[PDB]
Number of protein chains: 2
Amino acid sequence: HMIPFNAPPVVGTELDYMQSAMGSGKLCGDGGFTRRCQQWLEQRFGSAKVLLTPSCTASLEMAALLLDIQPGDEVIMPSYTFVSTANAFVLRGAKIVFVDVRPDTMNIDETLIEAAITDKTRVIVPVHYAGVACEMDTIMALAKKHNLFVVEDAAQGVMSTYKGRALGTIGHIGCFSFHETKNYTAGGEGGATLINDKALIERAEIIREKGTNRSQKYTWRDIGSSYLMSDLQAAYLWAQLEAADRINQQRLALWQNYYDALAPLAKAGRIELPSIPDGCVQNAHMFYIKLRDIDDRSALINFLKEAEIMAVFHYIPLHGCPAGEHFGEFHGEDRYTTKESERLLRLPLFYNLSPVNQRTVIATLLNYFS
Amino acid sequence: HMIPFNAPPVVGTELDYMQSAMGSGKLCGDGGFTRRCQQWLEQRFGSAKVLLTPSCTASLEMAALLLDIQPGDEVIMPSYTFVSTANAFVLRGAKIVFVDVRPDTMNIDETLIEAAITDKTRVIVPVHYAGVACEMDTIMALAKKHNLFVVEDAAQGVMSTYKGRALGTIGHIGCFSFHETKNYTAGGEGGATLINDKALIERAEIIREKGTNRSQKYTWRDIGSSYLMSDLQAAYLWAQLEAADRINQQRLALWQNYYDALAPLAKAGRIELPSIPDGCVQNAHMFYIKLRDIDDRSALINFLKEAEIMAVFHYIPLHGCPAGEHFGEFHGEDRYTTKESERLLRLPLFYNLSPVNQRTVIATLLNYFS
Ligand SMILES: Cc1ncc(COP(=O)(O)O)c(/C=N/[C@@H]2[C@H](O)[C@@H](O)[C@@H](OP(=O)(O)OP(=O)(O)OC[C@H]3O[C@@H](n4cc(C)c(=O)[nH]c4=O)C[C@@H]3O)O[C@@H]2C)c1O
Ligand SMILES: Cc1ncc(COP(=O)(O)O)c(/C=N/[C@@H]2[C@H](O)[C@@H](O)[C@@H](OP(=O)(O)OP(=O)(O)OC[C@H]3O[C@@H](n4cc(C)c(=O)[nH]c4=O)C[C@@H]3O)O[C@@H]2C)c1O
C-alpha cells in the first residue's frame with residue numbers, strides 16, 4: 001500500500017549465516033558470530049575493544065555504569081536526541097544539563113558547552129545526528145581541559161567518519177545501534193559498546209557478563225547486567241557487515257538523489273537541506289528537510305499520506321518533556337532546539353528502497369512545493 | 001566429540017517462522033511475534049500482562065525499577081542463585097539479604113525468611129531452582145503479613161507449576177529466561193516480565209518502552225530502558241512455544257531415565273537425587289545429583305571428561321563472592337548453601353539429546369560409582 005519511511009535492511013544472506021549459527025549449537029551471546037562482528041568493528045573502525053549489546057540503550061547504560069556515574073554528577077548532552085541518551089545516565093542518578101543545537105547539523109553546539117560545565121560535570125555525550133559527526137576535536141579538547149569523559153552516542157553513525165576517524169571511536173566510550181531503523185541491523189535490535197579508553201576494558205568485560213569474569217571458577221566480582229545480544233542476531237549482523245560498503249554506497253546514492261532533486265527549492269529558500277561540515281563524512285542514515293514551521297511540515301505530511309507515502313518528524317526536545325524538567329535542566333536559551341525540531345521532516349530512506357519508489361516520493365514532493 | 005552438558009533446543013520450524021518475520025518487514029521489538037508469544041504466555045499461564053525482554057536479567061532489573069527500589073531498601077533472596085537475581089536490585093541501590101536454602105530442593109528456606117526481615121525490607125525474591133517451585137503459599141502469606149512484594153525469579157520455570165499455578169504468575173512480578181541453556185530459547189537470549197499485580201501494568205509498559213508512551217506524538221514520561229527482544233528472536237521463541245508440550249514431555253522422559261537409573265545408588269546412600277515437593281510440577285530443566293563432597297564431585301567430573309562427557313557444577317554462592325560480601329549480607333548460619341552447592345552436579349539434559357548418548361552417560365555414571 002504505502003511507501004514506508006523505513007524498512008529493515010535485507011541483504012539476502014542473513015538466513016544462511018543464521019542457519020550456520022543454529023547449526024553450531026551456540027546461540028547465546030559472545031558466540032562465534034558475536035566475536036567475528038567485534039573483530040570486524042575493531043579493525044575497520046580502529047577501536048581497542050568492541051562489545052555487542054542488546055541495544056544502543058544498553059550500551060549507553062553500560063557506559064554510565066563503566067564511568068561510575070554517581071547521584072549529583074552532571075552530564076551534558078543535547079535536548080535534541082533520543083530518550084535513551086538521557087535515561088542511561090539518569091538511571092545512575094545523573095543530572096542532565098542540556099545544551100542547544102547548531103541548526104545546520106542539529107548537533108550539539110560545541111561553542112555553548114563550556115559555559116554549561118561546572119565542578120559537578122563528569123561526562124559529555126555528543127550525538128552524531130543523521131550520522132553527521134559533532135565537532136569532535138573541539139569537544140575532546142574541552143573535555144581534556146576540564147577532566148571530563150566523552151561518551152559518543154554514535155547510534156546513527158556506523159560507517160560515518162570525522163577527519164578520517166570512525167564515529168564511536170573518538171571518545172573514551174562509543175555507542176552504536178543495530179535497530180531495524182538503522183543502516184545496519186542485528187535482526188531488528190542490537191547495539192555495540194566501543195571501549196576506546198584501554199584502561200576501561202577490563203571492567204567493561206566484567207560488567208558486560210553480569211559482573212562476573214565469565215570470560216576466563218567464575219564468580220560475582222562487580223555490578224553488571226546481561227549486555228549480550230544473541231549469536232543469532234550477530235549472525236544477521238555479520239551478514240550485513242559483509243555488505244557494509246554495498247549498503248553504504250547505495251544509501252549515499254539515494255541520499256544524493258534527494259539532494260539533487262530538492263536543491264533548487266533550497267536555493268529559492270522554500271526549504272533547507274542537511275549540512276555536512278568540512279571533514280565530516282556521513283553514512284546516509286537520514287535525509288531530512290526543514291519546512292518553514294510545524295504547519296508547513298504538517299501540511300506536507302498530510303499531502304504525502306494522501307499519496308500513500310510515509311514521511312515522519314523526529315525527536316521531541318527532551319528538556320521540554322515531563323521527565324526532562326524533572327531530571328534535567330536546559331542551560332542557556334532554547335534558541336534552535338525546539339524551533340528546528342518542529343520544522344524537521346525525515347524522508348523515506350532505506351537500503352531496499354526501489355528507484356521507482358524514490359522517484360515517486362520525489363515527484364510528489366516537487367508537487368507539494370508548487 | 002564430546003557429549004555436551006547442553007545444546008539449545010531446535011524444533012525444526014524456527015527457520016520458517018523467522019523467514020516469515022523477515023518477510024513482514026518488521027524485526028524490532030514489539031512486532032507480531034512478540035505479541036503472539038505474550039498472548040500465548042498470558043493465556044496458558046494466567047498472567048495479566050507478559051512483556052518480552054532481552055534477558056531474564058532485564059526482566060529482574062525491570063522488576064526492581066517497577067517497585068521503585070531506593071538505596072537502603074533490603075531485598076531477601078537465596079545466596080544459591082545466579083548473580084543477576086542480586087545485580088538487578090543492587091543496580092537500584094538495594095542491600096541484599098541472603099537466607100539459607102532448604103537442602104532437599106536448594107530453594108530458599110521459607111521458614112528462615114521472617115528472621116531476616118527488618119523495617120528496611122521491601123522485596124523477597126524466591127528462585128525456582130531446577131524449575132521446582134519454592135514453598136509459595138507460605139512465602140506469599142509471609143509477604144502479605146509484612147507488606148512485602150514478591151518477585152519470582154522463575155528463569156528455570158517455564159511450564160512448571162505450583163499447586164496448579166504456573167510458576168511466574170504468583171508473585172506480584174515474575175521473570176523468565178529464554179537463554180540458550182533453558183528449556184525454551186528465543187534464538188539464544190531472551191526473557192519475559194510477568195506483571196501479575198494489575199496495578200503495576202501501566203508503569204511497566206512505560207519503563208519497558210524507554211520511559212515513553214506507546215499509545216500509537218510520544219514523549220519522555222519516566223525512567224525506563226530498551227526492554228525489547230527483537231521480533232526475530234520472538235519468531236524463534238514462537239516456534240518453540242508451538243512445541244511447548246512436546247519439548248516438555250521429551251525433557252521429562254529423559255529426566256525420568258536418569259532418575260530410574262540412579263535410584264538404586266541413591267537408596268544405597270552413595271548419592272542424592274533431586275526432591276520435588278508435593279504440589280510441585282517440574283519441567284525437567286535440570287537433573288542434578290549430590291556427591292559426598294567437592295572432591296567426590298571433582299573426581300566424577302574428571303572421570304566423565306575422560307569419557308568425553310561434559311558434566312557441570314552450578315552457582316557459586318553469592319554471599320561468599322567478592323561482590324556479595326560488599327553488596328550483601330548472609331543472615332544467620334550458612335548451614336546448607338555452601339556445603340550443598342559443593343556436592344551438586346548437573347547431568348547432560350537438553351531437548352535434542354539422543355537416547356543413545358544418554359545411555360552412554362548413564363553407563364559411564366554407573367561405572368564410576370563402582
Ligand atoms: C541518538 C540515539 N540514541 C539511541 C537510540 C536507541 O537505540 P536502540 O534502540 O538501539 O536502543 C536511538 C534510535 N532511535 C530510533 C529512531 O531514531 C527513533 O526515532 C525511534 O524509531 P521508531 O521505532 O519509533 O519509529 P520511527 O519511524 O523512527 O518514528 C515513528 C513515529 O514516532 C514519532 N516519534 C519519534 C521519536 C524519536 C520521538 O521522540 N517522538 C515521536 O513522536 C515519529 C514517527 O511518527 O526508535 C529507534 C530506536 C538514537 O537515535
Ligand atoms: C535463577 C536465574 N536467574 C537469572 C538467570 C539469568 O537469566 P538470563 O541469562 O536469561 O538473562 C539465570 C540463568 N542462568 C543460566 C545458567 O543457569 C547458568 O548456569 C549460566 O550458564 P552458562 O552460560 O554460564 O553455561 P553453563 O553450562 O550452565 O556453566 C558453565 C560453566 O561455568 C561454571 N559456573 C557457572 C555459574 C552459574 C557460576 O556462577 N560460576 C561458574 O563458575 C559452571 C560451568 O562449568 O548462565 C545462564 C544464563 C538463572 O538461572
# chains A, B, ... in the order shown; residues from 1 in each chain; ligands from 1
$ interface_residues --of "chain A" --to "chain B" --cutoff "7 Å" --atoms "only C-alpha atoms" --output "JSON, numbers by chain"
{"A": [7, 8, 25, 27, 28, 54, 55, 57, 83, 84, 87, 91, 179, 180, 187, 188, 189, 210, 219, 220, 221, 222, 223, 224, 225, 226, 229, 230, 231, 232, 316, 318, 321, 322, 323]}
$ residues_around --residues "region 120-128 of chain B" --least-positions-apart "5" --cutoff "6 Å" --atoms "only C-alpha atoms" --output "PyMOL selection string"
chain B and resi 73-77+133-134+148-154
$ write_last_selection --atoms "N, CA, C and O atoms" --output "PDB file, in the first residue's frame"
ATOM      1  N   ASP B  73      16.952   0.103  50.729  1.00  0.00           N
ATOM      2  CA  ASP B  73      15.942  -0.943  50.713  1.00  0.00           C
ATOM      3  C   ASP B  73      16.639  -2.296  50.804  1.00  0.00           C
ATOM      4  O   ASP B  73      17.704  -2.513  50.213  1.00  0.00           O
ATOM      5  N   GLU B  74      16.015  -3.219  51.515  1.00  0.00           N
ATOM      6  CA  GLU B  74      16.571  -4.541  51.659  1.00  0.00           C
ATOM      7  C   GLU B  74      15.763  -5.526  50.840  1.00  0.00           C
ATOM      8  O   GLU B  74      14.543  -5.429  50.757  1.00  0.00           O
ATOM      9  N   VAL B  75      16.465  -6.411  50.156  1.00  0.00           N
ATOM     10  CA  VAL B  75      15.824  -7.443  49.344  1.00  0.00           C
ATOM     11  C   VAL B  75      16.338  -8.806  49.805  1.00  0.00           C
ATOM     12  O   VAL B  75      17.532  -9.027  49.867  1.00  0.00           O
ATOM     13  N   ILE B  76      15.428  -9.691  50.180  1.00  0.00           N
ATOM     14  CA  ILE B  76      15.796 -11.007  50.652  1.00  0.00           C
ATOM     15  C   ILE B  76      15.764 -12.031  49.488  1.00  0.00           C
ATOM     16  O   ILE B  76      14.798 -12.075  48.733  1.00  0.00           O
ATOM     17  N   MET B  77      16.802 -12.858  49.373  1.00  0.00           N
ATOM     18  CA  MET B  77      16.899 -13.874  48.304  1.00  0.00           C
ATOM     19  C   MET B  77      17.889 -14.960  48.712  1.00  0.00           C
ATOM     20  O   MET B  77      18.659 -14.769  49.677  1.00  0.00           O
ATOM     21  N   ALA B 133       9.240 -25.558  42.272  1.00  0.00           N
ATOM     22  CA  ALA B 133       8.709 -24.376  42.970  1.00  0.00           C
ATOM     23  C   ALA B 133       9.184 -24.201  44.408  1.00  0.00           C
ATOM     24  O   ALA B 133       9.356 -25.163  45.131  1.00  0.00           O
ATOM     25  N   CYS B 134       9.399 -22.951  44.802  1.00  0.00           N
ATOM     26  CA  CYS B 134       9.569 -22.606  46.216  1.00  0.00           C
ATOM     27  C   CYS B 134       8.247 -22.826  46.943  1.00  0.00           C
ATOM     28  O   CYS B 134       7.199 -22.938  46.293  1.00  0.00           O
ATOM     29  N   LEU B 148       5.200  -6.950  51.882  1.00  0.00           N
ATOM     30  CA  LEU B 148       6.355  -7.063  51.019  1.00  0.00           C
ATOM     31  C   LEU B 148       5.916  -7.491  49.604  1.00  0.00           C
ATOM     32  O   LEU B 148       4.907  -8.189  49.458  1.00  0.00           O
ATOM     33  N   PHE B 149       6.630  -7.014  48.583  1.00  0.00           N
ATOM     34  CA  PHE B 149       6.465  -7.516  47.234  1.00  0.00           C
ATOM     35  C   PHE B 149       7.168  -8.848  47.134  1.00  0.00           C
ATOM     36  O   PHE B 149       8.123  -9.117  47.890  1.00  0.00           O
ATOM     37  N   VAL B 150       6.657  -9.706  46.250  1.00  0.00           N
ATOM     38  CA  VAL B 150       7.319 -10.951  45.924  1.00  0.00           C
ATOM     39  C   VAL B 150       7.647 -10.912  44.450  1.00  0.00           C
ATOM     40  O   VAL B 150       6.747 -10.793  43.609  1.00  0.00           O
ATOM     41  N   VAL B 151       8.931 -10.990  44.141  1.00  0.00           N
ATOM     42  CA  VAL B 151       9.350 -11.092  42.773  1.00  0.00           C
ATOM     43  C   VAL B 151       9.843 -12.528  42.521  1.00  0.00           C
ATOM     44  O   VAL B 151      10.880 -12.947  43.058  1.00  0.00           O
ATOM     45  N   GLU B 152       9.147 -13.276  41.675  1.00  0.00           N
ATOM     46  CA  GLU B 152       9.625 -14.623  41.359  1.00  0.00           C
ATOM     47  C   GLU B 152      10.770 -14.602  40.360  1.00  0.00           C
ATOM     48  O   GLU B 152      10.641 -14.047  39.287  1.00  0.00           O
ATOM     49  N   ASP B 153      11.912 -15.162  40.729  1.00  0.00           N
ATOM     50  CA  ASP B 153      12.900 -15.452  39.712  1.00  0.00           C
ATOM     51  C   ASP B 153      12.568 -16.835  39.178  1.00  0.00           C
ATOM     52  O   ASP B 153      13.078 -17.850  39.681  1.00  0.00           O
ATOM     53  N   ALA B 154      11.729 -16.853  38.142  1.00  0.00           N
ATOM     54  CA  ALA B 154      11.271 -18.108  37.559  1.00  0.00           C
ATOM     55  C   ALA B 154      11.974 -18.414  36.221  1.00  0.00           C
ATOM     56  O   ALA B 154      11.409 -19.059  35.362  1.00  0.00           O
TER      57      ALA B 154
END
$ residues_around --residues "residue 366 (chain A)" --least-positions-apart "2" --cutoff "12 Å" --atoms "only C-alpha atoms" --output "ChimeraX atom specification"
/A:258,260-266,270-271,300,303-304,359-364,368-370
$ write_last_selection --atoms "C-alpha atoms" --output "mmCIF file, in the first residue's frame"
data_model
loop_
_atom_site.group_PDB
_atom_site.id
_atom_site.type_symbol
_atom_site.label_atom_id
_atom_site.label_comp_id
_atom_site.auth_asym_id
_atom_site.auth_seq_id
_atom_site.Cartn_x
_atom_site.Cartn_y
_atom_site.Cartn_z
ATOM 1 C CA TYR A 258 17.142 13.611 -2.807
ATOM 2 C CA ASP A 260 19.960 16.836 -6.325
ATOM 3 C CA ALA A 261 16.172 16.963 -6.718
ATOM 4 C CA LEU A 262 15.479 19.303 -3.791
ATOM 5 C CA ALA A 263 18.480 21.624 -4.196
ATOM 6 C CA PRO A 264 16.601 24.125 -6.429
ATOM 7 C CA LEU A 265 13.828 24.524 -3.816
ATOM 8 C CA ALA A 266 16.556 25.174 -1.269
ATOM 9 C CA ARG A 270 11.472 27.321 0.311
ATOM 10 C CA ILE A 271 13.312 24.653 2.326
ATOM 11 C CA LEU A 300 3.339 18.142 3.678
ATOM 12 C CA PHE A 303 -0.177 15.625 1.320
ATOM 13 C CA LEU A 304 2.230 12.688 1.326
ATOM 14 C CA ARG A 359 11.144 8.889 -7.853
ATOM 15 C CA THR A 360 7.526 8.696 -6.748
ATOM 16 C CA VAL A 361 8.373 10.271 -3.366
ATOM 17 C CA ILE A 362 10.382 12.981 -5.083
ATOM 18 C CA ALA A 363 7.771 13.795 -7.751
ATOM 19 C CA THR A 364 5.162 14.061 -5.009
ATOM 20 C CA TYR A 368 3.701 19.983 -2.839
ATOM 21 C CA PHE A 369 6.205 22.799 -3.245
ATOM 22 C CA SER A 370 4.117 24.135 -6.160
#
$ residues_around --residues "residue 348 (chain A)" --least-positions-apart "2" --cutoff "9 Å" --atoms "only C-alpha atoms" --output "ChimeraX atom specification"
/A:3-6,286-287,309-312,346,350,353,358,361
$ write_last_selection --atoms "C-alpha atoms" --output "PDB file, in the first residue's frame"
ATOM      1  CA  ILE A   3       5.806   3.690   0.513  1.00  0.00           C
ATOM      2  CA  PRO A   4       7.223   3.377   4.072  1.00  0.00           C
ATOM      3  CA  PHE A   5       9.613   5.730   5.810  1.00  0.00           C
ATOM      4  CA  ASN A   6      11.801   2.734   6.588  1.00  0.00           C
ATOM      5  CA  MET A 286      18.713  10.050   7.048  1.00  0.00           C
ATOM      6  CA  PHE A 287      17.593  12.651   4.552  1.00  0.00           C
ATOM      7  CA  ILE A 309       3.873   7.965   1.224  1.00  0.00           C
ATOM      8  CA  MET A 310       5.080   7.858   4.805  1.00  0.00           C
ATOM      9  CA  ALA A 311       7.275  10.781   5.943  1.00  0.00           C
ATOM     10  CA  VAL A 312       7.979  11.461   9.552  1.00  0.00           C
ATOM     11  CA  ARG A 346      12.589  12.930   7.519  1.00  0.00           C
ATOM     12  CA  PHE A 350      16.421   2.757   3.329  1.00  0.00           C
ATOM     13  CA  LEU A 353      14.107   1.481  -1.391  1.00  0.00           C
ATOM     14  CA  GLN A 358      12.080   7.089  -4.607  1.00  0.00           C
ATOM     15  CA  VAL A 361       8.373  10.271  -3.366  1.00  0.00           C
TER      16      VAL A 361
END
$ atom_distance --atom1 "atom 8 (P, counted along the ligand's line) of ligand 1" --atom2 "CA of residue 239 (chain B)"
25.6 Å
